[PDB]
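Take a look at this one chain, the form deposited in one PDB entry, written out in structure tokens.
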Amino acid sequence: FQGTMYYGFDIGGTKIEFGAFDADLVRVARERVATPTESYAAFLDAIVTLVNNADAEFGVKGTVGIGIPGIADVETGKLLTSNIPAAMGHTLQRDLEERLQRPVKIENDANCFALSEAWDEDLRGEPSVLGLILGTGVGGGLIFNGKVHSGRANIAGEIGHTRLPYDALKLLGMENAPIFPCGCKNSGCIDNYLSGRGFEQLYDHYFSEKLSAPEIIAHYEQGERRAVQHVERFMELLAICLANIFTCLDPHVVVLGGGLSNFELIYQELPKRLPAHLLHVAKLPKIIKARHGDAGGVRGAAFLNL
């Protein structure tokens, strides 16, 4: 026999990452399919197929854990996921439990990330861990004494949907600051500023060209004027926003994930720029890059069923 198999999905805007882990917790499968962006029936299909295939291949019924960028309504189970249009408003858990004849756990992407990063032997005994995702959106996962705080309505750590603080607006020219609309339908949420997408939007706003983050960073590495100006502004903006968040949460460790966590300058600049914006007696948290690379989401989702 094969034993218990744990399946994890990390659902994003573009790609669904799948992982299967055996009883030893060793990853034995890794697939990536296109996230069906129009039909929800197609969305369901994509997920169902991967579960079945893997069930066949390993000859088991694996447990199913899913990490999604948004919130499963704590009462109705309906999903609020701006970046996955196909799934917006659907009862994803119910629908899948039907189609796959077993329990399904759904969890926020950033919570899964934080859970997996925090269960590492190096962080497992930390009093608190903040998992921060900087990708298409800005997402937070709050772990206190090794346990996820998911909150009264599964919204804990939705730092991306808090509005720009005053000191950040002042950096961006106050009444002349760009006010970006948000997928949540509010306006000026940090989701659209500190994410990789936001990094891009901020560049475009000041310079009228739609470059990608890697492209801007490359220009910055070459010392190009616009990119140097952008990076300076963005590093200060990131320090201001995170200083606000750390004044509220005061986490012991902060772990960065998502695409923009690849920008190495972040790890050198944050420790330098944070002190000015924190309280005089604050001490910096340990700020580190994800220890599980891009797999924390999948791992965290799969181990919900541990």
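Numbers follow the displayed sequence, beginning with 1.
Two stretches are in play, 173 to 181 and 157 to 165, and the higher mean C-alpha B-factor belongs to 173 to 181. Just going by the entry, 97 to 105 versus 194 to 202 on mean CA temperature factor gives the higher value to 97 to 105. Between the residues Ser128, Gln222, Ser150, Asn186, the entry's highest C-alpha temperature factor is the one at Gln222.
Sort the modelled residues of the chain by CA B factor and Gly19 lands in the middle third. Compared with the other modelled residues of the chain, the Cα B-factor recorded for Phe43 ranks in the highest third. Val60: CA B factor in the highest third of modelled residues in this chain (values from the PDB entry). Per the deposited record, the Cα B-factor of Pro214 falls in the middle third when ranked against the other modelled residues of its chain. Among all modelled residues in its chain, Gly258 ranks in the lowest third by Cα B-factor.
Keep in mind that the form deposited in another entry is missing from the display, and what follows is about it.
Splitting the chain into two rigid parts between this form and the one not shown separates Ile155 from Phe58. Relative to this conformation, a decrease of 3 Å or more in the Cα-Cα distance between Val64 and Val148 is found in the other form. Note on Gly19 and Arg197: their C-alpha atoms are more widely spaced in the other form, a change of at least 3 Å from this conformation.
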